[PDB]
Student: 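Dumping the structure here so I can ask a few things about it.
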Amino acid sequence: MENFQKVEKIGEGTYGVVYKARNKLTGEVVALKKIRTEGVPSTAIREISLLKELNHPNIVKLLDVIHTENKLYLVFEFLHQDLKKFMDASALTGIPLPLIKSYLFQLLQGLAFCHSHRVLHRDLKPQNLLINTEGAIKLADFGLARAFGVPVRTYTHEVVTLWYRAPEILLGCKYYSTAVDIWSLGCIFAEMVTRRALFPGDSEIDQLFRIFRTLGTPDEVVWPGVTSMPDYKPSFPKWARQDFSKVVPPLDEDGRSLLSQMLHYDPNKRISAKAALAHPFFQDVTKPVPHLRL
Ligand SMILES: Nc1nc(Nc2ccc(S(N)(=O)=O)cc2)sc1C(=O)c1cccc([N+](=O)[O-])c1
């Protein structure tokens with residue numbers, strides 16, 4: 001970029017590439033997302049405007065939006081590490097529970113905020129959760145599928161992670177609800193706790209069946225309407241629900257209770273971000289600072 005000096009490539013998003021860059025003029029360091037194409041939508045460029053006026057301490061700030069040369073650049077505030085790297089770095093010892101709780105609490109605040117402003121993330125995963133030396137964690141790279149929908153992959157032949165995708169999406173639901181983000185966050189919560197992905201599916205069906213084998217194949221009793229969903233098949237195997245205590249050991253009962261509500265099959269029974277913030281699990285929440293190696 002003529003105005004920006006690419007320090008280095010820091011990620012391959014589901015829409016474009018992300019670079020750490022410095023503003024040649026101001027000298028500020030930012031994250032620059034490059035988007036692919038011969039026109040550019042409108043319902044999207046305006047869905048983006050909404051995201052710019054979306055300011056909250058737990059949401060990565062979208063500084064600028066620049067459309068030029070059949071390219072779409074998104075300028076974001078820069079953070080030094082994502083949760084995927086931090087979990088890997090903490091794989092031997094595990095992230096301490098108070099930090100896990102603080103991170104979950106903050107992300108729920110972020111979600112409560114975007115959801116009350118009718119904004120959905122749609123693609124929450126460790127790679128889209130950024131942390132700093134101050135103990136904060138922020139939601140990054142919002143989906144924006146309401147317009148730009150969901151591309152076959154990311155942008156250039158790349159395996160899109162399905163591990164955090166809600167069951168209703170896998171079953172062909174056309175309209176997503178804020179509940180999809182709660183499910184993804186629940187999956188991440190479990191992963192921080194156990195240090196292993198909850199549902200590591202390698203295909204859409206494998207993803208779906210991994211969920212079924214653990215939470216039990218859903219039926220009309222626990223999920224009214226499930227059998228009438230677009231991709232539901234009566235031929236789905238019928239797995240029994242596994243004891244929840246085997247799921248995220250050795251998480252305490254307050255933690256397991258909160259997770260079970262974040263993982264309810266029925267989107268309408270799934271706990272909201274606002275209600276989750278009030279769960280007894282957060283009675284003793286604090287804000288520890290992580291040990292970050294940058
Ligand atoms: N602002 C920002 N800072 C970042 N800093 C960063 C610093 C360190 C690491 S890492 N992996 O070395 O810990 C990763 C990101 S990433 C980032 C993003 O807004 C972003 C995140 C995921 C996907 C996309 N996207 O456009 O597709 C963009």
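Along the sequence shown, residues carry numbers from 1.
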Student: Could you tell me whether a side-chain N or O of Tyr19 sits under 3.5 Å from a main-chain N or O of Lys34, the two making a donor and an acceptor?
Tutor: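 It does not hold such a pair.
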Student: Looking at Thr217 and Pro237, would you say the former's side chain and the latter's main chain have a donor-acceptor pair under 3.5 Å?
Tutor: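 At least one qualifying donor-acceptor pair exists.
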Student: A side-chain contact here means heavy atoms from C-beta on lying under 4.5 Å apart; do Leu215 and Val247 qualify?
Tutor: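 No - every pair of side-chain heavy atoms lies 4.5 Å or more apart.
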Student: Find out whether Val29 and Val7 are in side-chain contact, i.e. whether some heavy atom of one side chain is under 4.5 Å from a heavy atom of the other.
Tutor: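 No, side chains not in contact.
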Student: Honestly curious: do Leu144 and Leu63 fall in one hydrophobic cluster under the side-chain, below-4.5 Å linking rule?
Tutor: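 No, no single cluster joins them.
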Student: How long is the span from the OG atom in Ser228 to the CG atom in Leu171, to the nearest 0.5 Å?
Tutor: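 Reported value, rounded in 0.5 Å steps: 11.5 Å.
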Student: Determine the interplanar angle of the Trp239 and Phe212 rings, folded into 0 to 90°, and report it as parallel if under 30°, tilted if 30 to 60°, perpendicular if over 60°.
Tutor: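 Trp239 and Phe212: tilted rings.
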Student: Decide yes or no on side chain to side chain contact (heavy atoms under 4.5 Å, CB included) for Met262 and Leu185, but give the supporting numbers first.
Tutor: CA-CA 8 Å; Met262 295 180 80; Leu185 188 54; 3.9 Å; yes
Student: Does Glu69, at its CD atom, have more than 12 non-hydrogen atoms belonging to other residues, nucleotides or ligands within less than 6.0 Å?
Tutor: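 Incorrect, the count does not exceed 12.
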Student: I'd like to check the side-chain contact (heavy atoms from CB on, under 4.5 Å) partners of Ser245; sequence neighbours left out, ordered by chain and number.
Tutor: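 Partners of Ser245 by the side-chain contact (heavy atoms from CB on, under 4.5 Å) criterion, ordered by chain and then number, come out as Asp243, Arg256.
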Student: Indicate yes or no: at least one non-hydrogen side-chain atom of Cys187 is less than 4.5 angstrom from one of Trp163.
Tutor: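 A side-chain contact under 4.5 Å is absent here.
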Student: Inspect the contact between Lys238 and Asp219 and indicate whether a charged nitrogen and a carboxylate oxygen are less than 4.0 angstrom apart.
Tutor: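 The answer is no: the pair does not qualify as a salt bridge.
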Student: Would you say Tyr176 ends up clustered with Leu107 if hydrophobic residues are merged whenever their side chains have heavy atoms under 4.5 Å apart, either directly or through other cluster members?
Tutor: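 Looking at the clustering, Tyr176 is in a separate group from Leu107.
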Student: For residues 108-129, which residue pairs qualify under ring pair (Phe, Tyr, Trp, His ring centres under 6.0 Å), counting only residues two or more places apart or in two chains?
Tutor: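 Sorted pair list: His56-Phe113, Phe113-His117, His121-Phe142.
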Student: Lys101 and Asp284: side chain to side chain contact (heavy atoms under 4.5 Å, CB included), yes or no, with the steps?
Tutor: CA-CA 9 Å; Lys101 185 173 297 181; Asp284 63 350; 2.7 Å; yes
Student: Only distances under 3.5 Å count here; give the side-chain donor-acceptor pairs of residues 91-98 to other protein atoms, sequence neighbours excluded, each with its distance to 0.1 Å.
Tutor:
none

Student: Measuring only between side-chain heavy atoms, which start at C-beta, is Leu294 closer than 4.5 Å to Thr133?
Tutor: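 They are in side-chain contact.
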Student: Testing the basics here: between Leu130 and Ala140, what is the closest heavy-atom pair and its distance to 0.1 Å?
Tutor: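 Heavy-atom minimum between the residues: CD1-CB, 3.6 Å.
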Student: Please find the pair of heavy atoms, one from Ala31 and one from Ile10, that lie closest to each other, and give the distance.
Tutor: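 Nearest heavy atoms, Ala31 then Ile10: CB-CD1, 4.5 Å.
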Student: Only one of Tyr103, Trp183, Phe281 clears ring-ring contact (aromatic ring centres under 6.0 Å, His included) with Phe189; which?
Tutor: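 Among the candidates, only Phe281 passes.
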Student: In chain order, what residues pass the side chain to side chain donor-acceptor pair (under 3.5 Å) check against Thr26, with sequence neighbours excluded?
Tutor: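 Only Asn23 meet the side chain to side chain donor-acceptor pair (under 3.5 Å) criterion with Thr26.
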Student: Check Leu108 against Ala276 and note the closest heavy-atom contact, atom names and distance.
Tutor: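 Minimum heavy-atom contact is CD1-CB, 3.7 Å.
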Student: Give me the atom names and distance for the closest heavy-atom approach of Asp254 to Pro280.
Tutor: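 What the structure gives for the nearest pair is OD1-CB, 3.7 Å.
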Student: For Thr214 and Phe199, what are the C-alpha separation, side-chain angles and deciding distance, and is it a side chain to side chain contact (heavy atoms under 4.5 Å, CB included)?
Tutor: CA-CA 9 Å; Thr214 298; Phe199 304 125; 3.7 Å; yes
Student: Say you draw a straight line from CG of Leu208 to CD1 of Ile205; how long is it, rounded to the nearest 0.5 Å?
Tutor: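 That separation rounds to 5.0 Å.
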Student: I'd like to know whether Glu168 forms a side chain to side chain contact (heavy atoms under 4.5 Å, CB included) with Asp266, so could you lay out the CA-CA distance, the side-chain angles of the two residues, the decisive distance to 0.1 Å, and finally the verdict.
Tutor: CA-CA 8 Å; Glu168 58 264 41; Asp266 191 343; over 6 Å; no
Student: If I compare all heavy atoms of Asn128 with all of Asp123, which pair ends up nearest, and what's the gap?
Tutor: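 Smallest heavy-atom distance, with atoms named: ND2-O, 2.7 Å.
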Student: Does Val180 share a hydrophobic cluster with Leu124, counting links as ILVMFWY side-chain heavy atoms below 4.5 Å and allowing steps through other members?
Tutor: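 Not linked; separate clusters.
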Student: Just verifying a value: how many Å separate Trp223 CH2 and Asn268 CG, rounded to the nearest 0.5 Å?
Tutor: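 Between atom CH2 of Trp223 and atom CG of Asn268 there are 10.0 Å.
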Student: Given 3.5 Å as the limit, does a donor-acceptor pair link the side chain of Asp64 with the main chain of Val75, or not?
Tutor: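 No: the side chain of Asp64 does not pair with the backbone of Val75.
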Student: Can you tell me how far CD1 of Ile188 sits from CG of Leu129, rounded to the nearest 0.5 angstrom?
Tutor: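 Spacing of CG (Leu129) from CD1 (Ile188) equals 4.5 Å.
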Student: In this structure, would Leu120 and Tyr15 fall into the same cluster of hydrophobic residues linked by side-chain contacts under 4.5 Å?
Tutor: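 Not linked; separate clusters.
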Student: Looking only at atom types and distance, does a side-chain atom of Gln207 sit under 3.5 Å from a main-chain N or O of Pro200, one as donor and one as acceptor?
Tutor: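 Pair absent, no side-chain N/O of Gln207 close to backbone of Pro200.
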Student: Are more than 12 heavy atoms from other residues, nucleotides or ligands located less than 6.0 Å from atom CZ of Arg195?
Tutor: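 Yes - once you tally the heavy atoms of other residues, nucleotides and ligands closer than 6.0 Å, there are more than 12.
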Student: Counting only N and O atoms by type, is there a donor-acceptor contact under 3.5 Å from the side chain of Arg270 to the main-chain atoms of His264?
Tutor: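 Yes, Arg270 side chain to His264 backbone: donor-acceptor pair under 3.5 Å.
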Student: What are the two closest heavy atoms between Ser203 and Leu162, and how far apart are they?
Tutor: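 Answer, listing the atom of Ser203 first, then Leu162: C-CD1, 3.4 Å.
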Student: Starting at CG of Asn3, measure out to NZ of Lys24 and round the result to the nearest 0.5 Å.
Tutor: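 The CG atom of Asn3 sits 7.0 Å away from the NZ atom of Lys24.
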Student: Do any N or O atoms from the side chain of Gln261 and from the backbone of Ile271 form a donor-acceptor pair under 3.5 angstrom?
Tutor: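 Flag not set: sc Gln261 to bb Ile271 has no pair under 3.5 Å.
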Student: Return yes if a side-chain donor-acceptor contact under 3.5 Å exists between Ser102 and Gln106, otherwise no.
Tutor: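 Result is yes, a qualifying pair exists.
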Student: Is there a continuous path of hydrophobic side-chain contacts, each under 4.5 Å between heavy atoms, that joins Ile182 to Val285?
Tutor: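 Yes, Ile182 connects to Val285 through the hydrophobic network.
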Student: With a 4.5 Å heavy-atom cut-off, do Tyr164 and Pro126 have their side chains touching?
Tutor: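 In short, these two side chains touch, coming nearer than 4.5 Å.
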Student: Check whether any side-chain heavy atom of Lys269 lies under 4.5 Å from a side-chain heavy atom of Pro224, and answer yes or no.
Tutor: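 Contact flag for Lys269/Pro224 side chains = yes.
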Student: Roughly how far, to the nearest 0.5 Å, is the CG atom of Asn132 from the NZ atom of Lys138?
Tutor: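 With rounding to 0.5 Å, NZ (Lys138) is 6.5 Å from CG (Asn132).
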Student: Could you check if a side-chain atom of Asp141 sits within less than 4.5 angstrom of a side-chain atom of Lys33, using non-hydrogen atoms only?
Tutor: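 Contact flag for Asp141/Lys33 side chains = yes.
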Student: Hey, are the side chains of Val65 and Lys52 touching, using non-hydrogen atoms and a 4.5 Å cut-off?
Tutor: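 Yes, side chains in contact.
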Student: Using atom types as modelled, flag every donor-acceptor pair under 3.5 Å from a side chain in residues 81-90 to any protein atom, sequence neighbours excluded.
Tutor:
{"from": "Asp82", "atom 1": "OD1", "to": "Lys84", "atom 2": "N", "distance (Å)": "3.0"}
{"from": "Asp82", "atom 1": "OD1", "to": "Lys85", "atom 2": "N", "distance (Å)": "2.7"}
{"from": "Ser90", "atom 1": "OG", "to": "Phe86", "atom 2": "O", "distance (Å)": "2.8"}

Student: Using the side chain to side chain donor-acceptor pair (under 3.5 Å) criterion, which residues pair with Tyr73? Sequence neighbours excluded.
Tutor: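 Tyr73 satisfies side chain to side chain donor-acceptor pair (under 3.5 Å) with no other residue.
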Student: Can you confirm whether more than 12 heavy atoms, excluding those of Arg153, are under 6.0 Å from its CZ atom?
Tutor: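 Enclosed: over 12 neighbouring heavy atoms sit under 6.0 Å from CZ of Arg153.
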Student: Are there more than 12 heavy atoms of other residues, nucleotides or ligands under 6.0 Å from atom NZ of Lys61?
Tutor: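 No, not enclosed.
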